[PDB]
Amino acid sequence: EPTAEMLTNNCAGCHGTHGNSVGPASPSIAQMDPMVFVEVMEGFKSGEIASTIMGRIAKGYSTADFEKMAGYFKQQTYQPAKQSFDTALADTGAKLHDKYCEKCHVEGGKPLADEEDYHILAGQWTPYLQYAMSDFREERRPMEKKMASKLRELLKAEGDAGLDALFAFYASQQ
């Protein structure tokens, strides 16, 4: 069976050498919580998380390969995607992030290698995160009940301007 690095070689095509994607829209998957990785990857595989292609990709690997692979991605250092955020909005993002997301999205949603569990969002490519949210609000992706509430009702006390502000803030974190 191939080494973790053999299997991870073949993903450099779409999200960077080591998982750090260059522009403009693929997600960087470099520092990734190995637990979150098999969940997502096996989710992609089952079809429950709507993909454009990762269900096709994922379906050819199996749990242990997702483990070898998450083992492989965990040791890399994530590199923030240098892109343009909104200054006027960078700020408001922070505030709203505390008040609604900070509960689970660890310190600006940064890749904290704080042993286990975290959802990387700082320095991730904005188009992706925009898509990410779309699959949520539209119910294409399973969404945890608290993750929802804060988003689904609460964030929207700000409306879409809210999400804009959040997208600008995660992008400032470079």
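Don't overthink the numbering: it's just position in the shown sequence, from 1.
Return whichever of 58-66 and 103-111 has the greater mean Cα B factor according to the PDB record.
Higher of the two, by average CA B-factor, is 103-111.
Could you check the entry and say whether 151-159 or 17-25 has the higher mean CA B-factor?
Comparing 151-159 with 17-25, the higher average CA B-factor belongs to 151-159.
From 41, 30, 143, 132, can you pick the one with the highest C-alpha B factor in the entry?
When the deposited C-alpha B-factors of 41, 30, 143, 132 are compared, 143 is largest.
Based on the entry's values, in what third of the chain does the Cα temperature factor of residue 37 lie: lowest, middle or highest?
Residue 37: CA B-factor falls in the middle third of its chain.
Using the B-factors in the PDB entry, rank residue 4's C-alpha atom against the chain and give the third, lowest, middle or highest.
CA B-factor rank for residue 4: middle third.
Please place residue 72 in the lowest, middle or highest third of its chain by C-alpha B factor as given in the entry.
CA B-factor rank for residue 72: lowest third.
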